[PDB]
K.L.:
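Here it is, the structure in full.
Below, chains carry the letters A, B, ... as their sequence lines are ordered, and counting in each starts from 1. The figures here come from the full heavy-atom set of this structure, side chains too, leaving out hydrogens, waters and symmetry mates.
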Amino acid sequence: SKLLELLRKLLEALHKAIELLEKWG
Amino acid sequence: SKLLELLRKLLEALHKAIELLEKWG
Amino acid sequence: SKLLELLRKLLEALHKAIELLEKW
Amino acid sequence: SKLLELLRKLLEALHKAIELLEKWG
């Protein structure tokens with residue numbers, strides 16, 4: 001459960017980073 | 001990217017299902 | 001009963017998604 | 001520049017997390 005939760009949060013962080021990159025660049 | 005996005009959405013679905021199972025029952 | 005089955009199907013779907021990563 | 005650095009590190013973490021998931025899941 002902890003690894004899956006880690007993965008979920010990390011994928012969500014990646015998604016936000018990509019969204020930022022798209023906006024500011 | 002498409003497969004990672006699928007995985008994120010699936011993990012988010014799983015998390016909601018677990019929250020529901022904690023609430024009801 | 002329906003919620004437990006839903007959880008099982010979701011976990012089965014996740015298992016398939018992980019098998020795809022191993023290939024590609 | 002730093003945002004691309006952030007992205008690169010998050011992707012490297014993701015690679016490691018997926019490897020852990022594959023070995024034990």
Side-chain angles (χ1 to χ4, degrees), chain A residues 1-4 6-25, chain B, chain C residues 1 3-4 6-23, chain D residues 1-4 6-7 9-25:
Chain A
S1 196
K2 288 175 185 62
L3 184 52
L4 291 180
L6 195 163
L7 186 55
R8 182 174 68 87
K9 299 293 192 181
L10 184 50
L11 290 167
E12 290 163 344
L14 181 59
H15 179 55
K16 294 288 156 178
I18 293 164
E19 287 180 331
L20 279 170
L21 187 64
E22 287 166 343
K23 196 185 167 178
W24 301 100
Chain B
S1 177
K2 222 98 282 267
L3 181 53
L4 295 170
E5 288 173 355
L6 174 45
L7 180 59
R8 178 166 44 92
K9 298 291 179 180
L10 203 51
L11 293 164
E12 286 165 356
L14 183 63
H15 181 63
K16 299 302 177 179
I18 292 164
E19 287 179 316
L20 206 64
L21 186 65
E22 291 169 329
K23 203 178 175 88
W24 307 125
Chain C
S1 198
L3 184 51
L4 292 166
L6 174 51
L7 266 307
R8 289 186 210 288
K9 295 306 186 201
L10 276 173
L11 289 166
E12 287 161 9
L14 181 61
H15 185 223
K16 305 302 179 169
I18 295 166
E19 290 169 335
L20 278 172
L21 293 163
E22 286 156 13
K23 287 181 175 177
Chain D
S1 172
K2 220 134 218 80
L3 187 56
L4 210 72
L6 175 53
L7 179 65
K9 258 57 178 157
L10 289 172
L11 288 172
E12 291 161 16
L14 178 62
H15 191 30
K16 297 288 187 169
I18 291 166
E19 289 168 340
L20 288 170
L21 183 72
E22 289 166 342
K23 294 219 295 190
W24 307 105

K.L.:
Quick one: pull up CG in B/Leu11 and CG in B/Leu7 and give me the separation to the nearest 0.5 Å.
P.N.:
4.5 Å
K.L.:
Using 4.0 Å as the upper bound for N to carboxylate O, is an ion pair formed by A/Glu12 and A/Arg8?
P.N.:
yes
K.L.:
Of all residues at least two apart in sequence or in a different chain, which pass the salt bridge (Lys or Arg N to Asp or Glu O under 4.0 Å) check with D/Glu19?
P.N.:
none
K.L.:
Under the criterion side chain to side chain contact (heavy atoms under 4.5 Å, CB included), I'd like the reasoning laid out for D/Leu6 against A/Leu21: C-alpha separation, chi angles, the key distance, then a yes or no.
P.N.:
CA-CA 10 Å; D/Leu6 175 53; A/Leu21 187 64; over 6 Å; no
K.L.:
If every non-hydrogen atom of D/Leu10 is compared with every non-hydrogen atom of A/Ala13, which pair is closest and at what distance?
P.N.:
CD1-O, 4.0 Å
K.L.:
With sequence neighbours left out, what residues match D/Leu20 under side-chain contact (heavy atoms from CB on, under 4.5 Å)?
P.N.:
A/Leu3
K.L.:
Within the 4.5 Å heavy-atom criterion, are D/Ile18 and D/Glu22 side-chain neighbours or not?
P.N.:
yes
K.L.:
Same hydrophobic cluster for A/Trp24 and A/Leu14, using side-chain heavy-atom links shorter than 4.5 Å among ILVMFWY?
P.N.:
yes
K.L.:
According to side-chain hydrogen bond (donor to acceptor under 3.5 Å, both in side chains), who are the partners of B/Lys2, at least two apart in sequence or on a separate chain?
P.N.:
B/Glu5
